[PDB]
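Read through the structure below, which is laid out as C-alpha coordinates, and then see the notes.
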Amino acid sequence: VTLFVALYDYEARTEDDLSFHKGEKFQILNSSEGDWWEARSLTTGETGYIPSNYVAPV
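Every position in the sequence shown, counted from 1, becomes a number in the UniProt record's numbering once 83 is added.
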(Lines of atoms letter the chains of each structure in order from A and count residues from 1; the text may use other names and numbers.)
(Lines give C-alpha, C1' and ligand atoms only; values in the text may rest on other atoms or scores of the structure.)
Protein backbone atom coordinates (compact mmCIF):
# COMPACT_ATOMS: atom_id res chain seq x y z
CA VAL A 1 0.00 0.00 0.00
CA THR A 2 1.20 3.58 -0.56
CA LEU A 3 -1.01 6.40 0.76
CA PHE A 4 1.11 9.58 0.78
CA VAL A 5 -0.18 13.14 1.29
CA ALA A 6 0.76 16.43 -0.41
CA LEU A 7 2.59 18.36 2.34
CA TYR A 8 2.06 21.45 0.16
CA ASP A 9 -0.22 22.55 -2.71
CA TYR A 10 0.94 22.27 -6.34
CA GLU A 11 -0.10 24.09 -9.53
CA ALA A 12 0.79 21.59 -12.29
CA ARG A 13 2.22 24.06 -14.83
CA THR A 14 2.14 21.25 -17.41
CA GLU A 15 -0.29 18.42 -18.27
CA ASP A 16 2.42 15.84 -17.50
CA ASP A 17 2.32 16.38 -13.71
CA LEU A 18 -0.85 16.91 -11.65
CA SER A 19 -2.36 19.70 -9.52
CA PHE A 20 -3.85 19.65 -6.00
CA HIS A 21 -3.77 21.36 -2.58
CA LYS A 22 -1.72 20.48 0.52
CA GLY A 23 -3.85 17.75 2.14
CA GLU A 24 -4.73 15.65 -0.93
CA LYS A 25 -3.90 11.92 -0.69
CA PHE A 26 -2.08 10.12 -3.52
CA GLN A 27 -1.23 6.51 -4.46
CA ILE A 28 2.47 6.36 -5.43
CA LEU A 29 2.90 3.60 -8.04
CA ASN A 30 6.38 4.23 -9.47
CA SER A 31 8.94 6.20 -7.43
CA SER A 32 12.51 4.83 -7.59
CA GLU A 33 14.16 8.05 -6.33
CA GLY A 34 14.73 10.67 -9.05
CA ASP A 35 12.45 13.70 -8.57
CA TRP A 36 9.15 13.17 -10.42
CA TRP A 37 7.00 10.35 -8.99
CA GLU A 38 3.87 9.00 -10.73
CA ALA A 39 1.01 8.99 -8.19
CA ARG A 40 -2.67 8.33 -8.96
CA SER A 41 -5.19 10.81 -7.52
CA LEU A 42 -7.99 9.00 -5.66
CA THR A 43 -10.28 11.91 -6.60
CA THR A 44 -10.03 12.02 -10.41
CA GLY A 45 -8.73 8.47 -10.96
CA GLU A 46 -6.01 9.43 -13.46
CA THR A 47 -2.32 9.46 -12.50
CA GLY A 48 0.44 12.00 -13.23
CA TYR A 49 4.03 12.95 -12.32
CA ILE A 50 3.75 14.78 -8.98
CA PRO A 51 6.74 16.14 -7.04
CA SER A 52 8.12 13.33 -4.84
CA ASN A 53 9.27 15.87 -2.22
CA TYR A 54 5.72 17.30 -2.23
CA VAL A 55 4.30 14.07 -0.77
CA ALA A 56 5.21 11.91 2.25
CA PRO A 57 4.21 8.50 3.64
CA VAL A 58 1.11 8.69 5.87
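Think of the CB as a built atom: it goes at the ideal place given N, C-alpha and C, for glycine as much as any other residue.
Reduced DSSP secondary structure (H/G/I, E/B, other) of residue i
i	result
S124	strand
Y132	strand
Residue i burial status per 10 Å Cβ neighbour count (16 or more: buried)
i	result
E116	exposed
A139	exposed
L125	exposed
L101	buried
C-beta atoms of residue i and residue j nearer than 7 Å
i	j	result
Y93	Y137	yes
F87	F109	yes
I111	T130	no
Residue range of the beta strand (DSSP E) that includes residue i
i	result
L90	Taken as a continuous stretch (DSSP letters only), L90 belongs to no beta strand (DSSP E), as it is neither H nor E.
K108	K108 to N113
Member of the options whose CA lies at the smallest distance from the CA of residue i
i	options	result
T97	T127, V141, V88 and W119	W119
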